[PDB]
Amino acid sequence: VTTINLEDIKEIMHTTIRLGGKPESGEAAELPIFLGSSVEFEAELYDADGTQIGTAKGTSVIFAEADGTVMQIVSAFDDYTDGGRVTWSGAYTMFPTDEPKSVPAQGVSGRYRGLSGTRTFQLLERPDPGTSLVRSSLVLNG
């Protein structure tokens, strides 16, 4: 039974962050709609020795649940030079912002195809709105 286990991924994430808010014009202004704050990102992925192992790209958007829990939804994927492509997506709690977060992941190509598991990501440093340092990990099996 195959198990894949990437720990201590260094993830350098180039972020485009958008405030959102009430639409002002267009069809959306005539509908009950708020635009959520969003992050569009591209990232380089490195192993714990600093060797690049791949890249990532995705989008996350802020929303809230009935109980008042502020959430983020993300849809993203990794490309691993060695392993292949791994999609990942789900909703996770926004707060606290410095704890590790995880959503389900699916391997879809290369040696990762047909395995599924969990993609993890923890914000270490956000020095400016353009780049974040993330500590990441991936487990797949099947």
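The first residue of the shown sequence is 1; numbering continues from there.
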Going by the entry, of stretches 79 to 87 and 53 to 61 the one with greater average Cα B-factor is 79 to 87
Could you check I73, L115, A66, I33 and tell me which one carries the biggest Cα B-factor in the deposited entry?
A66
Here the Cα B-factor of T16, set against its chain, lands in the third termed lowest
Temperature factor at the Cα of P96, chain-ranked in thirds, falls in the middle
For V103, does the deposited CA B-factor place it in the lowest, middle or highest third of the chain?
middle
Based on the entry's values, in what third of the chain does the Cα temperature factor of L140 lie: lowest, middle or highest?
middle
Looking at the temperature factor on the CA atom of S25, which third of the chain's modelled residues does it land in?
highest
